[PDB]
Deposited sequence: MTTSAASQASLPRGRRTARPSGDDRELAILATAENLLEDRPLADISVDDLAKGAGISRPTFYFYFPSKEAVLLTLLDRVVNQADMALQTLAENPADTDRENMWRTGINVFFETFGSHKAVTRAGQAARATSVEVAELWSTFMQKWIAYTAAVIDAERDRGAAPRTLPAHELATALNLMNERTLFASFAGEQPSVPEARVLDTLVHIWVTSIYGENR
């Protein structure tokens, strides 16, 4: 509860500054607590980002699970990719911080890797279902095609939300990715 306040403070601060320019004293102060009381909840600011990413990742995973318990094929994929556009799009600071943190934090890398393996495995299953039903041609190995498409979405989403040059404009991202997914899944 003082915990949530640390979390909300970190999320707020990461909007304007990297994690490197946020001190533990910054988190404690925004949360209305002392520095030692902070250390009772988190051993470090990295530990804060980790929890924030865990929440975001689980939120996208739960929304995708919701979707999976149920339009034409283009709209089907668009709704799925939209889960990630919206969830990560709603937590750009955290998303952006956690991506950069993969390169330093072994635990951030593991968290991200676990969830990506999951989303890939789900994409691959649907793609195999589409093949099984005769909707999609048996072209590339489904799991490798799934891997490349999910890596694309990851990089494209995060570049767009960060305003990186180069990037697809946020308002064009969803159409761009959907076109690529549908053509590479259903085409030959």
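Coordinate coverage of the deposited sequence is interrupted at 1 to 23, 94 to 96, 215 to 216, where no C-alpha atom was modelled.
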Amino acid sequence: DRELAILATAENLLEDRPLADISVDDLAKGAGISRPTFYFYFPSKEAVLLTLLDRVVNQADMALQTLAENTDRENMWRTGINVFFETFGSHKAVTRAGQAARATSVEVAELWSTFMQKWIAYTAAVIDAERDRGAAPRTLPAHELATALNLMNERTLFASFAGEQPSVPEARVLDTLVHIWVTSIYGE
From here on, numbers count along this sequence of modelled residues.
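For the two regions 110 to 118 and 94 to 102, the entry's Cα B-factors average higher over 94 to 102. Comparing 155 to 163 with 43 to 51, the stretch with the higher mean C-alpha B-factor in the PDB entry is 43 to 51. The PDB entry assigns its highest CA temperature factor, among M62, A136, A68, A142, to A68. Taking only the listed residues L27, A148, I127, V56, the entry reports the highest CA temperature factor at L27. Ranked within its chain, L4 lands in the highest third, by CA B factor from the PDB record. For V168, the recorded CA B-factor ranks within the lowest third of the chain. Only modelled residues enter the ranking. Sort the modelled residues of the chain by CA B factor and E86 lands in the lowest third. Residue-level temperature factors show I22 in the highest third of its chain, judged at the C-alpha atom.
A10: CA B factor in the middle third of modelled residues in this chain (values from the PDB entry).
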